[PDB]
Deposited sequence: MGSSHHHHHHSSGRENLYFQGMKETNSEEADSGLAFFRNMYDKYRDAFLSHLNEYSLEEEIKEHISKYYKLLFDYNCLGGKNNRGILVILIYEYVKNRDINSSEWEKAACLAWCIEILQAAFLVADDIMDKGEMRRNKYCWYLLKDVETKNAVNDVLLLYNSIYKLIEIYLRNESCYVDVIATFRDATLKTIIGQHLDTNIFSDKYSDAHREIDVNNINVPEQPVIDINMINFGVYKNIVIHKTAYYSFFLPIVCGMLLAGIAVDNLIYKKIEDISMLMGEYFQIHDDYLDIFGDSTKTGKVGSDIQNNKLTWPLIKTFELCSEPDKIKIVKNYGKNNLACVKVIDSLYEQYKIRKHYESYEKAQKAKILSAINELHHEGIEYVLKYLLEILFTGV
């Protein structure tokens, strides 16, 4: 748990040491090293490390204790999920026009970096994961399975990101391969404002890589066979938790304090399909629906304030607090159907310290 945070250097340096065997001039290696060490440090560190820790804990509680070389393998997987979260966040911040991430400037904003490097850096971070899993796990029998779990969890995440970005776009309300001139002014589409669609989005963009992936990694490494019916249970629990997690993320966007979140709220002006939007829309008068349509999704101070004051008016805080409690019970109740004391504990623990 604090052992985890100590190993970071080792995994970071094992990758950087791969790059350094490349066939390059020495001065050029020096530059590569400088740049990519900062890419890792700036983007991998400063998080809560929930996903990484969940790998460690699942591994430990499925087993009956664990030598130092086994911890090396588990910690690798833990740091691989964190590297994945780093990549996802660097990409998300490009897509959502981020300002601040973990209390500092978004990577893509930096004048030495820009969008062109940040795009290139994401794919690098992504691929570094698989090189690290090779270095430390190429000889484990769970090897192929672990790498399929990263690959599939990623694919789902990309699909959710696509939905999150396009769900309101004209695409969805044929793609014009001749239009490069006429930009789509963002509007909300009333038909897509429902929980069914929301759940589709958040389960894919969040649930698989934040929950399913770390848990499965621990399980795979501890040697639970891929065919055990437990995996399907863990998948369902993961969906519940991801939905729980993302709804809380949505709530923080409006109601959180950015000095504590480390990031600036932006869902309203970015025209996002969020929980607060859906809830308000389900609750509000017909004129207030018209007001939302006219005001949502505009980078414009008075507009955002109207949507804000609607969230207060319809008591979205209170409705969240009320969602949080029902969903927590529903999750706990699914957890108790696992029939595995070790995993059930870790998931209950996770639930407590998730925020």
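- Unmodelled segments of the deposited chain, in sequence order: 1-33, 99, 208-211, 394-396.
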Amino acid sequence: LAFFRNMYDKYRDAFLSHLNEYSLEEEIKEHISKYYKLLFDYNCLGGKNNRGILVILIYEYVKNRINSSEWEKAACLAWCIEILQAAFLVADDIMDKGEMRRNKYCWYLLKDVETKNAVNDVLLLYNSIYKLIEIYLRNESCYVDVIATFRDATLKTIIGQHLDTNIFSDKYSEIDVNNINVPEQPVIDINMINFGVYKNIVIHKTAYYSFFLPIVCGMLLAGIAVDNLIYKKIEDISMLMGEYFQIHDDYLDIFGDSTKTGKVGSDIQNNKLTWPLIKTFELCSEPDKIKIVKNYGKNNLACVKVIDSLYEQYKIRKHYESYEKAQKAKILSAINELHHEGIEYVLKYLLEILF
From here on, numbers count along this sequence of modelled residues.
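By rigid core we mean the largest C-alpha set that fits within 1.5 Å across both forms.
- Of the two segments 215-223 and 175-183, the one whose CA positions lie farther from the displayed form in 8 other deposited structures of this protein, once all are superposed on the rigid core, is 175-183.
- In summary, of the stretches 95-103 and 127-135, 95-103 shows the greater Cα distance from the shown form in 8 other deposited structures of this protein, with structures fitted on the rigid core.
- In the comparison with other entries of the same protein, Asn64 is left without coordinates in at least one third of those covering both sides of it.
- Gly196, present in the displayed chain, carries coordinates in each of the other PDB entries compared that cover both sides of it, far from a third leaving it out.
- Per the PDB record, of the two stretches 302-310 and 59-67, 59-67 carries the greater mean B-factor over its C-alpha atoms.
- Stretch comparison (260-268 versus 177-185) by mean CA B-factor in the PDB entry places 177-185 on top.
- When the C-alpha B-factors of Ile129, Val226, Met95, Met241 are ranked from the entry, the top spot goes to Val226.
- Comparing the listed residues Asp170, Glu134, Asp250, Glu235, the entry records the largest Cα B-factor for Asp170.
- Among the modelled residues of its chain, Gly47 has a C-alpha B-factor that falls in the middle third according to the deposited record.
- Residue-level temperature factors show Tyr323 in the highest third of its chain, judged at the C-alpha atom.
- Looking at the C-alpha B-factors along this chain, the one for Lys29 belongs to the lowest third.
- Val293: CA B factor lies in the middle third for its chain, per the PDB record.
- Per-chain ranking of the deposited C-alpha B factor places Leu338 in the highest third.
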